[PDB]
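File shown: model-v3.pdb (PDB, C-alpha atoms (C1' of nucleotides)).
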ATOM      1  CA  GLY A 314     -11.492 -36.318 -23.068  1.00  0.00           C
ATOM      2  CA  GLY A 315     -14.297 -38.420 -21.670  1.00  0.00           C
ATOM      3  CA  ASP A 316     -14.132 -36.731 -18.266  1.00  0.00           C
ATOM      4  CA  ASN A 317     -16.497 -33.774 -18.974  1.00  0.00           C
ATOM      5  CA  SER A 318     -13.864 -31.002 -19.211  1.00  0.00           C
ATOM      6  CA  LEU A 319     -12.040 -28.926 -21.842  1.00  0.00           C
ATOM      7  CA  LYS A 320      -8.612 -27.516 -21.015  1.00  0.00           C
ATOM      8  CA  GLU A 321      -6.614 -24.987 -23.030  1.00  0.00           C
ATOM      9  CA  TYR A 322      -2.881 -25.661 -22.955  1.00  0.00           C
ATOM     10  CA  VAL A 323      -0.734 -22.978 -24.516  1.00  0.00           C
ATOM     11  CA  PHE A 324       2.993 -22.992 -25.143  1.00  0.00           C
ATOM     12  CA  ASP A 325       4.089 -19.812 -23.392  1.00  0.00           C
ATOM     13  CA  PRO A 326       7.212 -18.983 -25.478  1.00  0.00           C
ATOM     14  CA  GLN A 338       9.482 -24.958 -23.512  1.00  0.00           C
ATOM     15  CA  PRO A 339       6.631 -26.601 -21.661  1.00  0.00           C
ATOM     16  CA  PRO A 340       2.964 -25.712 -22.125  1.00  0.00           C
ATOM     17  CA  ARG A 341       0.757 -24.323 -19.382  1.00  0.00           C
ATOM     18  CA  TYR A 342      -2.733 -24.774 -17.991  1.00  0.00           C
ATOM     19  CA  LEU A 343      -4.258 -21.596 -19.354  1.00  0.00           C
ATOM     20  CA  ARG A 344      -8.016 -21.790 -18.709  1.00  0.00           C
ATOM     21  CA  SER A 345     -10.583 -24.543 -18.648  1.00  0.00           C
ATOM     22  CA  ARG A 346     -14.155 -25.568 -17.968  1.00  0.00           C
ATOM     23  CA  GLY A 347     -15.310 -28.803 -16.411  1.00  0.00           C
ATOM     24  CA  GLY A 348     -17.573 -30.483 -13.914  1.00  0.00           C
ATOM     25  CA  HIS A 349     -18.141 -33.630 -11.921  1.00  0.00           C
ATOM     26  CA  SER A 350     -17.004 -36.573 -13.995  1.00  0.00           C
ATOM     27  CA  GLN A 351     -19.278 -38.920 -12.012  1.00  0.00           C
ATOM     28  CA  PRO A 352     -22.970 -38.148 -11.440  1.00  0.00           C
ATOM     29  CA  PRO A 353     -23.853 -36.069  -8.389  1.00  0.00           C
ATOM     30  CA  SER A 354     -24.839 -37.123  -4.892  1.00  0.00           C
ATOM     31  CA  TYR A 355     -26.189 -34.041  -3.103  1.00  0.00           C
ATOM     32  CA  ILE A 356     -27.111 -30.522  -4.185  1.00  0.00           C
ATOM     33  CA  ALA A 357     -28.532 -27.487  -2.411  1.00  0.00           C
ATOM     34  CA  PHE A 358     -29.694 -23.982  -3.245  1.00  0.00           C
ATOM     35  CA  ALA A 359     -27.386 -21.326  -1.866  1.00  0.00           C
ATOM     36  CA  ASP A 360     -29.166 -18.030  -2.505  1.00  0.00           C
ATOM     37  CA  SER A 361     -32.633 -16.601  -2.192  1.00  0.00           C
ATOM     38  CA  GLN A 362     -32.200 -15.239  -5.740  1.00  0.00           C
ATOM     39  CA  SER A 363     -31.701 -18.468  -7.762  1.00  0.00           C
ATOM     40  CA  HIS A 364     -28.145 -17.809  -8.902  1.00  0.00           C
ATOM     41  CA  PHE A 365     -25.628 -20.206  -7.357  1.00  0.00           C
ATOM     42  CA  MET A 366     -26.163 -23.867  -6.553  1.00  0.00           C
ATOM     43  CA  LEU A 367     -23.906 -26.080  -4.460  1.00  0.00           C
ATOM     44  CA  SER A 368     -23.128 -29.543  -5.801  1.00  0.00           C
ATOM     45  CA  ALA A 369     -21.271 -32.619  -4.540  1.00  0.00           C
ATOM     46  CA  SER A 370     -20.714 -35.911  -6.334  1.00  0.00           C
ATOM     47  CA  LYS A 371     -19.154 -39.338  -5.927  1.00  0.00           C
ATOM     48  CA  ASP A 372     -15.881 -38.601  -7.730  1.00  0.00           C
ATOM     49  CA  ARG A 373     -15.035 -36.538  -4.651  1.00  0.00           C
ATOM     50  CA  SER A 374     -14.950 -33.050  -6.182  1.00  0.00           C
ATOM     51  CA  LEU A 375     -17.071 -30.100  -5.034  1.00  0.00           C
ATOM     52  CA  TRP A 376     -18.484 -27.587  -7.509  1.00  0.00           C
ATOM     53  CA  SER A 377     -20.542 -24.438  -7.089  1.00  0.00           C
ATOM     54  CA  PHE A 378     -22.415 -23.741 -10.316  1.00  0.00           C
ATOM     55  CA  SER A 379     -24.204 -20.669 -11.531  1.00  0.00           C
ATOM     56  CA  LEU A 380     -27.658 -20.918 -13.048  1.00  0.00           C
ATOM     57  CA  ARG A 381     -27.619 -17.903 -15.297  1.00  0.00           C
ATOM     58  CA  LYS A 382     -27.003 -17.360 -18.991  1.00  0.00           C
ATOM     59  CA  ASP A 383     -23.208 -17.574 -18.804  1.00  0.00           C
ATOM     60  CA  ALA A 384     -23.023 -21.108 -17.344  1.00  0.00           C
ATOM     61  CA  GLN A 385     -19.735 -20.090 -15.792  1.00  0.00           C
ATOM     62  CA  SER A 386     -19.073 -22.144 -12.669  1.00  0.00           C
ATOM     63  CA  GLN A 387     -16.380 -22.595 -10.053  1.00  0.00           C
ATOM     64  CA  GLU A 388     -15.008 -25.678  -8.360  1.00  0.00           C
ATOM     65  CA  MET A 389     -14.548 -25.145  -4.631  1.00  0.00           C
ATOM     66  CA  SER A 390     -11.211 -24.989  -2.846  1.00  0.00           C
ATOM     67  CA  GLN A 391     -10.396 -27.979  -0.620  1.00  0.00           C
ATOM     68  CA  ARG A 392      -7.139 -26.623   0.712  1.00  0.00           C
ATOM     69  CA  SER A 409      -5.967 -37.345  -2.621  1.00  0.00           C
ATOM     70  CA  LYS A 410      -9.452 -35.840  -2.676  1.00  0.00           C
ATOM     71  CA  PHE A 411     -11.774 -35.778   0.317  1.00  0.00           C
ATOM     72  CA  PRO A 412     -14.349 -38.524   0.981  1.00  0.00           C
ATOM     73  CA  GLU A 413     -17.758 -38.032  -0.581  1.00  0.00           C
ATOM     74  CA  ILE A 414     -20.575 -36.182   1.144  1.00  0.00           C
ATOM     75  CA  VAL A 415     -23.599 -37.986   2.565  1.00  0.00           C
ATOM     76  CA  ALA A 416     -25.191 -35.062   4.416  1.00  0.00           C
ATOM     77  CA  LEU A 417     -25.136 -31.368   3.583  1.00  0.00           C
ATOM     78  CA  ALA A 418     -26.584 -28.268   5.177  1.00  0.00           C
ATOM     79  CA  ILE A 419     -26.417 -24.624   4.159  1.00  0.00           C
ATOM     80  CA  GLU A 420     -27.378 -21.196   5.477  1.00  0.00           C
ATOM     81  CA  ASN A 421     -27.004 -17.851   3.792  1.00  0.00           C
ATOM     82  CA  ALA A 422     -27.503 -15.566   6.799  1.00  0.00           C
ATOM     83  CA  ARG A 423     -23.894 -14.725   7.680  1.00  0.00           C
ATOM     84  CA  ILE A 424     -22.124 -14.929   4.323  1.00  0.00           C
ATOM     85  CA  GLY A 425     -18.749 -13.275   3.971  1.00  0.00           C
ATOM     86  CA  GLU A 426     -17.845 -13.364   7.637  1.00  0.00           C
ATOM     87  CA  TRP A 427     -17.222 -17.000   8.549  1.00  0.00           C
ATOM     88  CA  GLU A 428     -18.222 -20.472   7.425  1.00  0.00           C
ATOM     89  CA  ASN A 429     -21.830 -21.378   6.689  1.00  0.00           C
ATOM     90  CA  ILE A 430     -21.806 -24.804   4.972  1.00  0.00           C
ATOM     91  CA  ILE A 431     -21.718 -28.077   6.937  1.00  0.00           C
ATOM     92  CA  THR A 432     -20.696 -31.393   5.368  1.00  0.00           C
ATOM     93  CA  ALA A 433     -20.471 -34.988   6.564  1.00  0.00           C
ATOM     94  CA  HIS A 434     -18.542 -37.807   4.893  1.00  0.00           C
ATOM     95  CA  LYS A 435     -18.921 -41.540   4.429  1.00  0.00           C
ATOM     96  CA  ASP A 436     -17.447 -43.596   7.275  1.00  0.00           C
ATOM     97  CA  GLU A 437     -15.909 -40.606   9.051  1.00  0.00           C
ATOM     98  CA  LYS A 438     -16.436 -39.199  12.520  1.00  0.00           C
ATOM     99  CA  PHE A 439     -15.958 -35.472  11.966  1.00  0.00           C
ATOM    100  CA  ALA A 440     -17.986 -32.960   9.994  1.00  0.00           C
ATOM    101  CA  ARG A 441     -16.161 -30.228   8.133  1.00  0.00           C
ATOM    102  CA  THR A 442     -17.245 -26.658   7.511  1.00  0.00           C
ATOM    103  CA  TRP A 443     -17.090 -24.492   4.392  1.00  0.00           C
ATOM    104  CA  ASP A 444     -17.253 -20.827   3.344  1.00  0.00           C
ATOM    105  CA  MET A 445     -19.730 -19.783   0.689  1.00  0.00           C
ATOM    106  CA  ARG A 446     -17.908 -16.488   0.135  1.00  0.00           C
ATOM    107  CA  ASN A 447     -14.275 -17.417  -0.494  1.00  0.00           C
ATOM    108  CA  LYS A 448     -15.147 -20.747  -2.241  1.00  0.00           C
ATOM    109  CA  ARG A 449     -12.597 -22.252   0.117  1.00  0.00           C
ATOM    110  CA  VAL A 450     -12.778 -24.930   2.787  1.00  0.00           C
ATOM    111  CA  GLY A 451     -13.546 -24.231   6.421  1.00  0.00           C
ATOM    112  CA  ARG A 452     -11.324 -24.322   9.452  1.00  0.00           C
ATOM    113  CA  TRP A 453     -13.279 -26.594  11.792  1.00  0.00           C
ATOM    114  CA  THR A 454     -13.729 -30.335  12.244  1.00  0.00           C
ATOM    115  CA  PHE A 455     -16.778 -31.499  14.162  1.00  0.00           C
ATOM    116  CA  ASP A 456     -16.706 -34.448  16.536  1.00  0.00           C
ATOM    117  CA  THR A 457     -19.531 -36.834  17.384  1.00  0.00           C
ATOM    118  CA  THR A 458     -18.042 -37.515  20.866  1.00  0.00           C
ATOM    119  CA  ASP A 459     -19.550 -41.024  20.868  1.00  0.00           C
ATOM    120  CA  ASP A 460     -17.427 -42.852  18.229  1.00  0.00           C
ATOM    121  CA  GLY A 461     -20.197 -43.150  15.660  1.00  0.00           C
ATOM    122  CA  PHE A 462     -20.652 -42.001  12.124  1.00  0.00           C
ATOM    123  CA  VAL A 463     -22.151 -38.608  11.315  1.00  0.00           C
ATOM    124  CA  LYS A 464     -25.587 -39.414   9.943  1.00  0.00           C
ATOM    125  CA  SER A 465     -27.294 -36.010   9.863  1.00  0.00           C
ATOM    126  CA  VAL A 466     -26.388 -32.311   9.848  1.00  0.00           C
ATOM    127  CA  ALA A 467     -28.441 -29.167  10.458  1.00  0.00           C
ATOM    128  CA  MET A 468     -28.116 -25.431  11.056  1.00  0.00           C
ATOM    129  CA  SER A 469     -30.350 -22.844  12.670  1.00  0.00           C
ATOM    130  CA  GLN A 470     -31.668 -19.806  10.862  1.00  0.00           C
TER     131      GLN A 470
ATOM    132  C1'   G B   1     -23.667  74.519  33.526  1.00  0.00           C
ATOM    133  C1'   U B   2     -22.036  77.693  29.415  1.00  0.00           C
ATOM    134  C1'   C B   3     -19.621  81.616  26.878  1.00  0.00           C
ATOM    135  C1'   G B   4     -16.198  85.765  26.417  1.00  0.00           C
ATOM    136  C1'   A B   5     -10.950  87.364  27.005  1.00  0.00           C
ATOM    137  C1'   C B   6      -5.147  86.327  29.596  1.00  0.00           C
ATOM    138  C1'   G B   7      -1.405  82.612  30.241  1.00  0.00           C
ATOM    139  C1'   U B   8       1.574  77.778  29.269  1.00  0.00           C
ATOM    140  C1'   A B   9       2.541  73.455  26.786  1.00  0.00           C
ATOM    141  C1'   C B  10       1.789  70.340  22.723  1.00  0.00           C
ATOM    142  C1'   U B  11       1.853  68.739  18.043  1.00  0.00           C
ATOM    143  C1'   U B  12       1.670  70.033  13.061  1.00  0.00           C
ATOM    144  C1'   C B  13       2.358  74.341   8.897  1.00  0.00           C
ATOM    145  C1'   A B  14      10.443  73.330   5.568  1.00  0.00           C
ATOM    146  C1'   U B  15      10.212  69.365   0.564  1.00  0.00           C
ATOM    147  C1'   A B  16      17.884  71.084  -1.613  1.00  0.00           C
ATOM    148  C1'   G B  17      21.296  68.540  -5.145  1.00  0.00           C
ATOM    149  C1'   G B  18      22.482  64.274  -8.109  1.00  0.00           C
ATOM    150  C1'   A B  19      22.652  59.396 -10.273  1.00  0.00           C
ATOM    151  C1'   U B  20      20.024  54.836 -11.745  1.00  0.00           C
ATOM    152  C1'   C B  21      15.666  52.206 -13.574  1.00  0.00           C
ATOM    153  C1'   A B  22      11.530  51.746 -17.160  1.00  0.00           C
ATOM    154  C1'   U B  23       9.535  55.310 -21.972  1.00  0.00           C
ATOM    155  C1'   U B  24      15.408  55.946 -26.964  1.00  0.00           C
ATOM    156  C1'   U B  25      29.673  26.182 -34.056  1.00  0.00           C
ATOM    157  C1'   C B  26      33.639  21.334 -31.036  1.00  0.00           C
ATOM    158  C1'   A B  27      35.063  19.431 -26.108  1.00  0.00           C
ATOM    159  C1'   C B  28      36.460  19.030 -21.013  1.00  0.00           C
ATOM    160  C1'   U B  29      36.201  20.431 -15.670  1.00  0.00           C
ATOM    161  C1'   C B  30      33.115  22.469 -11.922  1.00  0.00           C
ATOM    162  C1'   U B  31      28.307  24.439  -9.697  1.00  0.00           C
ATOM    163  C1'   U B  32      22.869  24.919  -8.989  1.00  0.00           C
ATOM    164  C1'   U B  33      17.637  23.023  -9.378  1.00  0.00           C
ATOM    165  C1'   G B  34      14.015  19.398 -10.577  1.00  0.00           C
ATOM    166  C1'   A B  35      12.460  14.324 -11.634  1.00  0.00           C
ATOM    167  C1'   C B  36      12.722   8.523 -10.999  1.00  0.00           C
ATOM    168  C1'   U B  37      14.018   4.474  -7.178  1.00  0.00           C
ATOM    169  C1'   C B  38      14.553   3.545  -2.024  1.00  0.00           C
ATOM    170  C1'   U B  39      14.378   5.008   3.169  1.00  0.00           C
ATOM    171  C1'   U B  40      13.948   7.515   8.455  1.00  0.00           C
ATOM    172  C1'   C B  41      10.508  11.037  12.758  1.00  0.00           C
ATOM    173  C1'   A B  42       3.953   7.056  10.183  1.00  0.00           C
ATOM    174  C1'   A B  43      -1.745   4.950   8.978  1.00  0.00           C
ATOM    175  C1'   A B  44      -4.512   2.416   5.521  1.00  0.00           C
ATOM    176  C1'   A B  45      -6.809  -0.508   1.506  1.00  0.00           C
ATOM    177  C1'   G B  46      -8.226  -1.862  -3.236  1.00  0.00           C
ATOM    178  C1'   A B  47      -9.223  -3.679  -8.594  1.00  0.00           C
ATOM    179  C1'   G B  48     -11.185  -8.107  -1.973  1.00  0.00           C
ATOM    180  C1'   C B  49     -10.960 -14.825  -3.610  1.00  0.00           C
ATOM    181  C1'   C B  50      -9.183 -19.644  -5.587  1.00  0.00           C
ATOM    182  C1'   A B  51      -5.895 -21.832  -8.875  1.00  0.00           C
ATOM    183  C1'   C B  52      -0.641 -23.585 -11.987  1.00  0.00           C
ATOM    184  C1'   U B  53       4.189 -21.752 -11.978  1.00  0.00           C
ATOM    185  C1'   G B  54       9.012 -18.756 -10.047  1.00  0.00           C
ATOM    186  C1'   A B  55      12.338 -16.717  -6.398  1.00  0.00           C
ATOM    187  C1'   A B  56      14.083 -15.668  -1.320  1.00  0.00           C
ATOM    188  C1'   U B  57      14.816 -16.283   4.226  1.00  0.00           C
ATOM    189  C1'   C B  58      14.674 -19.257   8.700  1.00  0.00           C
ATOM    190  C1'   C B  59      14.589 -24.155  11.722  1.00  0.00           C
ATOM    191  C1'   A B  60      15.182 -29.473  11.246  1.00  0.00           C
ATOM    192  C1'   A B  61      17.713 -33.493   8.222  1.00  0.00           C
ATOM    193  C1'   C B  62      22.148 -34.904   4.694  1.00  0.00           C
ATOM    194  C1'   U B  63      27.443 -34.218   2.832  1.00  0.00           C
ATOM    195  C1'   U B  64      32.475 -31.621   3.277  1.00  0.00           C
ATOM    196  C1'   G B  65      36.333 -29.439   6.599  1.00  0.00           C
ATOM    197  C1'   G B  66      37.652 -28.875  11.706  1.00  0.00           C
ATOM    198  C1'   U B  67      41.311 -29.242  19.052  1.00  0.00           C
ATOM    199  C1'   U B  68      47.161 -31.780  14.041  1.00  0.00           C
ATOM    200  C1'   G B  69      42.243 -25.278  15.953  1.00  0.00           C
ATOM    201  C1'   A B  70      36.208 -23.646  13.227  1.00  0.00           C
ATOM    202  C1'   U B  71      34.006 -19.083  14.915  1.00  0.00           C
TER     203        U B  71
END

Could you render the structure from this file as structure tokens?
Amino acid sequence: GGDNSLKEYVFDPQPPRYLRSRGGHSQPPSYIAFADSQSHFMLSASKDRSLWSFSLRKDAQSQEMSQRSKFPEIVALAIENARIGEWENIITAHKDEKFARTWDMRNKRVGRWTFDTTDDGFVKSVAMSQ
RNA sequence: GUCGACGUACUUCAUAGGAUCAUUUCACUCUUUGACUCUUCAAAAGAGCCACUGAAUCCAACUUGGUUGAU
């Protein structure tokens, strides 16, 4: 379609089925960041409220993250790659919200923590240590 | 200390006959063993993560029937 994605639907022998697909952000992006010290995976967030982690290499395979009606868009992002694989290491704010969510770089899946301002404001800036 | 001769005790010094063994179709019932699946006297992980779909169990909610008696 016009939404920057191809999807293969196959009639498993009767309804069809989502077989395999490739796509991306339908709307242009808002904030990106480099995830590795080896120039392989980039982290990307847009205004159509999806979240994709792309590769850079010759394949151009990529993977949309797991958010698990979309979430509000990201205005402030921060990333560290020091403790990958163990717990969450990506910190995201959202427009007009009061809590900053976390994210795992390893499992491509959302975090388990919501972060409070404790002053009833909006989250304007995020940061992590080394 | 050693050797000569006397004594006592010890053990050991028998290997008979004859056999044997090497060389001269069709079906039913029952019995034994092994394999597959699962489980009891028990720890792990990987090919580890996210998707769309399928099935089960429990608690809540809804209907049916029940003191002229459900369990």

Gap from CA of residue 422 in chain A to CA of residue 469 in chain A - Å, one decimal: 9.8 Å

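As for CA of residue 420 in chain A and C1' of residue 46 in chain B, they are spaced 28.6 Å apart.
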
Result set of the PyMOL selection byres ((chain B) within 10 of (chain A)) on the coordinates above, as a list in words: residues 48, 49, 50, 51, 52 and 53 of chain B

Nearest to residue 419 in chain A by atom-to-atom distance, counting only C-alpha atoms, from A:445, A:363, A:440, A:455: A:445

Ground truth for the PyMOL selection byres ((chain A and resi 344) around 8), written as a ChimeraX atom specification: /A:320-322,342-343,345-346

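Around residue 356 in chain A, within 7 Å and counting only C-alpha atoms (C1' of nucleotides), the residues found are residues 367, 368 and 369 of chain A, once anything fewer than 4 positions away on its own chain is removed.
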
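Across the structure, CA of residue 380 in chain A and CA of residue 421 in chain A are spaced 17.1 Å apart.
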
If the box runs along x, y and z of the file and leaves 8 Å on each side of range 9-21 of chain B, what are its centre and edge lengths in Å, one decimal, as JSON?
{"center_x": 12.2, "center_y": 63.3, "center_z": 6.6, "size_x": 37.0, "size_y": 38.1, "size_z": 56.4}

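Evaluated against this file, the PyMOL selection byres ((chain A and resi 379) around 12) yields residues 358, 359, 360, 362, 363, 364, 365, 366, 367, 368, 376, 377, 378, 380, 381, 382, 383, 384, 385, 386, 387 and 388 of chain A.
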
Reconstruct range 389-433 of chain A at the level of N, CA and C atoms, and format the result as a compact mmCIF listing (two decimals), keeping the file's coordinate frame.
# COMPACT_ATOMS: atom_id res chain seq x y z
N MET A 389 -14.91 -25.65 -5.95
CA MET A 389 -14.55 -25.14 -4.63
C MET A 389 -13.09 -25.43 -4.33
N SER A 390 -12.60 -24.85 -3.24
CA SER A 390 -11.21 -24.99 -2.85
C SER A 390 -11.11 -25.82 -1.58
N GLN A 391 -10.46 -26.98 -1.68
CA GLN A 391 -10.40 -27.98 -0.62
C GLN A 391 -9.14 -27.88 0.23
N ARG A 392 -8.55 -26.70 0.36
CA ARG A 392 -7.14 -26.62 0.71
C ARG A 392 -6.88 -25.89 2.03
N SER A 409 -6.29 -38.11 -3.82
CA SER A 409 -5.97 -37.34 -2.62
C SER A 409 -7.14 -36.46 -2.22
N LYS A 410 -8.24 -36.60 -2.95
CA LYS A 410 -9.45 -35.84 -2.68
C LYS A 410 -10.10 -36.28 -1.36
N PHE A 411 -11.07 -35.49 -0.92
CA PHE A 411 -11.77 -35.78 0.32
C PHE A 411 -12.80 -36.88 0.09
N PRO A 412 -13.26 -37.55 1.15
CA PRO A 412 -14.35 -38.52 0.98
C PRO A 412 -15.66 -37.84 0.63
N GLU A 413 -16.54 -38.60 -0.02
CA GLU A 413 -17.76 -38.03 -0.58
C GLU A 413 -18.76 -37.66 0.50
N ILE A 414 -19.67 -36.75 0.16
CA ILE A 414 -20.58 -36.18 1.14
C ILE A 414 -21.88 -36.96 1.18
N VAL A 415 -22.31 -37.34 2.38
CA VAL A 415 -23.60 -37.99 2.56
C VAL A 415 -24.63 -37.05 3.18
N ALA A 416 -24.22 -35.95 3.80
CA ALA A 416 -25.19 -35.06 4.42
C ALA A 416 -24.67 -33.64 4.38
N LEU A 417 -25.51 -32.74 3.86
CA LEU A 417 -25.14 -31.37 3.58
C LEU A 417 -26.15 -30.45 4.23
N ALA A 418 -25.68 -29.28 4.67
CA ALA A 418 -26.58 -28.27 5.18
C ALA A 418 -25.98 -26.91 4.87
N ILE A 419 -26.84 -25.93 4.66
CA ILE A 419 -26.42 -24.62 4.16
C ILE A 419 -27.29 -23.55 4.79
N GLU A 420 -26.68 -22.41 5.10
CA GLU A 420 -27.38 -21.20 5.48
C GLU A 420 -26.73 -20.03 4.77
N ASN A 421 -27.54 -19.05 4.41
CA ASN A 421 -27.00 -17.85 3.79
C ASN A 421 -27.30 -16.61 4.62
N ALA A 422 -27.17 -16.70 5.94
CA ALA A 422 -27.50 -15.57 6.80
C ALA A 422 -26.27 -14.74 7.14
N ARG A 423 -25.13 -15.40 7.31
CA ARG A 423 -23.89 -14.72 7.68
C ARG A 423 -22.80 -14.91 6.65
N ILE A 424 -23.11 -14.71 5.37
CA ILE A 424 -22.12 -14.93 4.32
C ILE A 424 -21.04 -13.86 4.44
N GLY A 425 -19.84 -14.21 4.01
CA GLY A 425 -18.75 -13.28 3.97
C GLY A 425 -17.97 -13.17 5.26
N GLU A 426 -18.54 -13.58 6.38
CA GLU A 426 -17.84 -13.36 7.64
C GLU A 426 -17.14 -14.63 8.12
N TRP A 427 -17.87 -15.72 8.31
CA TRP A 427 -17.22 -17.00 8.55
C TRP A 427 -18.01 -18.09 7.83
N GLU A 428 -17.73 -19.33 8.19
CA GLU A 428 -18.22 -20.47 7.42
C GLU A 428 -19.70 -20.69 7.67
N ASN A 429 -20.40 -21.13 6.62
CA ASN A 429 -21.83 -21.38 6.69
C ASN A 429 -22.28 -22.59 5.88
N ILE A 430 -21.41 -23.56 5.63
CA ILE A 430 -21.81 -24.80 4.97
C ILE A 430 -21.25 -25.98 5.77
N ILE A 431 -22.10 -26.96 6.07
CA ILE A 431 -21.72 -28.08 6.94
C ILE A 431 -21.86 -29.40 6.19
N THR A 432 -20.76 -30.16 6.14
CA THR A 432 -20.70 -31.39 5.37
C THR A 432 -20.24 -32.57 6.23
N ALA A 433 -20.90 -33.71 6.03
CA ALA A 433 -20.47 -34.99 6.56
C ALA A 433 -19.74 -35.77 5.48
